[PDB]
Amino acid sequence: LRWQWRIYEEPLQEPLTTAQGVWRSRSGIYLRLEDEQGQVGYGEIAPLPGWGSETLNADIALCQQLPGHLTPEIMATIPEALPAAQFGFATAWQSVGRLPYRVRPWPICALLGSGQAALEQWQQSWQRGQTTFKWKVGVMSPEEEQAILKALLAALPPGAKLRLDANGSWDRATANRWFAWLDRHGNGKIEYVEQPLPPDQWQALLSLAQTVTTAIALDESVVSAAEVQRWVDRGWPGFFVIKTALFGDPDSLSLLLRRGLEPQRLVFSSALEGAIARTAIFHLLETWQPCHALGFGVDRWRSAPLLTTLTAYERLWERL
Ligand SMILES: [Mg+2]
């Protein structure tokens with residue numbers, strides 16, 4: 001079938017700041033496939049700067065190197081080193097003549113700002129049906145955040161679930177003290193601590209997960225299928241935060257699941273991708289059927305309403 005690709009550079013609804021810099025926009029590639037009868041398919045390739053080794057420029061080069069027509073064999077030549085590209089082409093191909101997709105509103109995790117702000121930001125989300133939250137930690141001193149956490153756990157309604165995200169900012173000693181605190185004062189409301197240590201300290205990450213009672217989730221540590229596989233083979237007992245748009249061919253996750261990966265240990269999250277990628281992911285969720293709130297409560301930075309009509313895709317494409 002014939003295909004086309006177009007780059008996109010979209011300003012974020014509002015700036016997002018991390019320890020690796022500040023970004024005011026998200027860029028990527030949109031793929032449009034069309035068969036001999038006029039049926040169309042769409043896909044999105046959007047690697048996230050800093051996450052993994054794949055770069056948008058490498059994806060663009062791939063797109064310029066591929067033949068004017070697509071086939072399963074041709075797409076099989078896409079380098080394993082370009083997981084977002086594998087995702088984009090795979091989802092694009094599968095969507096040909098299948099849009100729009102049947103999807104559903106899975107529970108979404110609500111984010112809570114660092115500091116005391118967490119105590120005033122959960123109410124609105126809870127009143128909108130969100131029962132899982134993720135609070136950013138490792139910003140203030142451990143003592144200060146622990147005091148806030150005690151108050152937060154006491155204030156949250158029965159049934160609330162809370163995730164703590166350290167964004168790999170704690171050093172080994174601080175992480176150890178935190179888990180000791182959680183082991184004691186932690187409420188059955190703590191779902192897990194996300195990335196307590198930076199990815200380079202994998203031995204410490206594994207050791208902590210194998211010894212502390214509070215569950216640990218890998219995020220920054222797991223971008224591609226290759227990294228997830230590596231952690232599965234290392235015997236990771238915790239959770240895996242899967243960013244499907246950056247992962248690779250969706251079939252690779254299904255293969256891992258048929259093997260040593262536990263479905264209950266997965267949390268599907270956003271890589272600040274567009275509506276095409278997000279809708280493709282929700283389509284995939286009809287099969288994987290998540291059992292934890294999705295880390296897609298990122299509307300503040302990038303809103304991407306699910307696409308419910310084929311014309312909606314066409315409009316997005318033509319607007320470029
Ligand atoms: Mg995280």
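Hydrogens, waters and symmetry mates are skipped; everything else that's a heavy atom, side chains included, is used. First listed ligand is number 1; within each ligand, the first listed atom is number 1. When a residue number appears, it is its place in the shown sequence, counting from 1.
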### Task
Provide the closest heavy-atom pair for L48 versus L246 in the form atom of the first, atom of the second, distance.
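Smallest heavy-atom distance, with atoms named: N-CD2, 3.7 Å.
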#### Entry: Residue pair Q130 / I108: nearest heavy atoms and the distance that separates them
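Scanning both residues, the minimum pair turns out to be NE2-O, 3.2 Å.
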#### Entry: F296 and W106 aromatic centres sub-6.0 Å
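Not close enough - the centres of the two rings lie 6.0 Å or further apart.
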### Message
Closer than 2.8 Å to the Mg ion (ligand 1): how many protein N, O or S atoms are there?
### Response
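Step by step: take the Mg ion (ligand 1), keep protein N, O, S below 2.8 Å, and you get 3.
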### Task
Sequence neighbours left out, what pairs pass salt bridge (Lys or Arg N to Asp or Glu O under 4.0 Å) with at least one residue falling in residues 159-179?
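Counting only pairs at least two positions apart or across chains, the salt bridge (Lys or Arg N to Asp or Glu O under 4.0 Å) contacts touching residues 159-179 are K134-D165, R163-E191.
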### Message
Can you give me the closest heavy-atom contact between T91 and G43, atom names plus distance?
### Response
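Scanning both residues completely, I find the closest heavy atoms to be OG1-CA, 4.2 Å.
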### Query
Step by step, would you call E314 with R32 a salt bridge (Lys or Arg N to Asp or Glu O under 4.0 Å)?
CA-CA 9 Å; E314 292 296 354; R32 183 177 182 285; 3.4 Å; yes
